[PDB]
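Q: Sharing a structure here in structure tokens format.
The numbers here are math on the coordinates, done by the rules we state, and not lab data. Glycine also receives a Cβ, built like all others from the backbone with ideal geometry; neighbour counts cover every protein chain displayed.
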Amino acid sequence: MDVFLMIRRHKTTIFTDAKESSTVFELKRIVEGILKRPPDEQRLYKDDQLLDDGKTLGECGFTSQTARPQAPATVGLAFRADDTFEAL
Amino acid sequence: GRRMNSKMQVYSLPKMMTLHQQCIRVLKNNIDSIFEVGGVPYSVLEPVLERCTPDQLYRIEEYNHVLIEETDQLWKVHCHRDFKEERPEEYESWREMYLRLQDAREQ
Amino acid sequence: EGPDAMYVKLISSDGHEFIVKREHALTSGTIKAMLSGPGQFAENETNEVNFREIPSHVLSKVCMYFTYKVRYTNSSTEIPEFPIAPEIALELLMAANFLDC
Amino acid sequence: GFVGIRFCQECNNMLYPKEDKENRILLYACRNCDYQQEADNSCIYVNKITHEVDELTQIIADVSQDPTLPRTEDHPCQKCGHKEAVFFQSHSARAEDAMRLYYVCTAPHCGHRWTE
Ligand SMILES: [Zn+2]
Ligand SMILES: [Zn+2]
């Protein structure tokens, strides 16, 4: 139906509207196409339950209540592979 | 051994509520929970103050003093609702005569 | 934020700014007067809204309600409401001044 | 519709219909005294059989304050546009045939009543 995930870096926050099945670095390519975040610039801190390594949205931790129009899923991010872990 | 128990008022919020409509209707369901509005004028606070009670207007006007001069017209809304058989005399704002009438009645 | 007219960035003079879809910000009455100023054709692509004194959670909720309402505009669903907290809604009434929705 | 009573002005009493053939018109002639009065409306007796469609004059608006009456938010007022209304039924013997909801606006000083 929809997807709603808070891509929150502190001072810079990205929004999501897509369907219920998507690749997780597809979203990174989407934000790369405008905000210019190359694939070095994502780390993907964990969601409520076990952020996915299999790289598809229809998996564990992701349900239909997370993608709620009423309510988000707020979590911090990091724009690095392994160099620094940056908050604020 | 749980007892099933529930009631329902039969019938027959399907409404396009935008930002200002949602804000005013949230305030129209929780009027009494306001401490101090800050610096909000009267025009944007028009509807919820109409659906309000004079004890709550008293609390707001003693918390949000600078608003009293723009609330007085609404007090006539209370006055013709409660003291309809009366007219103020010269140099009488509706708020202070309303509170005078309330204090006189309770005395 | 860039040249493409589908993402619009907006800042409340604080840290956590938010960038929302322009196609999900269509119902704004002030996007036709601020982003669409004296003229179209690359005034809208700037996406620099340097507004002030809106708390972070407040403008987060108002842009969520923007995309919420625009997706729910003319949509199959007609029932739903939105849960604005009673305290922040006070300053969100300030948003009722500016966003013109 | 229904035509009201006519009252004599001299002896403070009821008038009665009568047809004076001199002008061939209708006069309301009291029969305690000699007072006479020509009639604005020719209707003397009138009856309603299935003309009970208007239950709204029997409804007084005060029933908006009844704590036992049910309140709804899905039927807004036409006059003032208030969300709250009270809904009930017409409770006469001449309304056993219907279970139509009659609505009264809950807000003060409005008093608007409607159906459906
Ligand atoms: Zn007489
Ligand atoms: Zn009404």
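Q: Under the definition of partner shielding as Cβ atoms of other protein chains within 10 Å of a residue Cβ, what is the mean value for peptide D:74-87?
A: Details: counts 5, 2, 1, 0, 0, 0, 1, 1, 3, 6, 2, 0, 0, 4.
If you average over the peptide's residues, the count of other-chain Cβ atoms is 2.
Q: Here's something else I'd like to know. Give me D:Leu101, D:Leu69, B:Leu27 ranked fewest to most by other Cβ atoms within 10 Å of their Cβ, as a rough exposure proxy.
A: So the ranking, lowest neighbour count to highest, is D:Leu69, D:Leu101, B:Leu27.
Q: Sorting D:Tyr28, D:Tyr35, D:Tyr45, B:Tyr98 on the 10 Å Cβ count, fewest up front, what's the list?
A: Details: D:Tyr28 20, D:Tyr35 15, D:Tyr45 6, B:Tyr98 23.
Ascending Cβ contact count within 10 Å gives the list D:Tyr45, D:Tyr35, D:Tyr28, B:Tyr98.
Q: So what's the gap between the Cα centers of the stretch D:76-116 and the stretch B:63-86, to the nearest angstrom?
A: Computed from Cα coordinates, the inter-centre distance equals 29 Å.
Q: Using Cβ contacts closer than 10 Å as the measure, can you line up A:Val24, C:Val8 from fewest to most?
A: With the sparsest Cβ surroundings first, the list reads A:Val24, C:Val8.
Q: Still on this structure, I have one more. Once you place label points 7 Å from the Cα toward the Cβ at A:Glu86 and D:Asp74, how far apart are they in nm?
A: 5.3
Q: Given the -39500 (n - 2.57) contribution per DSSP H run of 4+ residues, what per-residue ellipticity at 222 nm results for chain A, rounded to the nearest 500 deg cm²/dmol?
A: Theoretical 222 nm ellipticity from helices: -4000 deg cm²/dmol.
Q: Also, quick follow-up: Using Cα springs under 10 Å in a Gaussian network model of chain C, which residue among C:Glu45, C:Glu17, C:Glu53 shows the largest mean-square fluctuation?
A: Looking only at C:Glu45, C:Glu17, C:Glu53, the largest GNM fluctuation is found for C:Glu53.
Q: Mean separation of Cα pairs under 8 Å and 6+ residues apart, divided by the residue count of chain C: what relative contact order is that in percent?
A: The value is 34 percent.
Q: Still on this structure: How would chain C be classified by its alpha-carbon gyration tensor: rounded, prolate or oblate, with rounded meaning a/c under 1.5 and the a/b versus b/c comparison settling the rest?
A: Taking the square roots of the gyration eigenvalues as a ≥ b ≥ c, chain C is oblate.
Q: While we're here: By its C-alpha gyration tensor, with a ≥ b ≥ c as the square roots of the eigenvalues, how is the stretch D:3-47 shaped: rounded for a/c under 1.5, else prolate for a/b larger than b/c, else oblate?
A: Oblate, because a/c is 1.5 or more while a/b does not exceed b/c.
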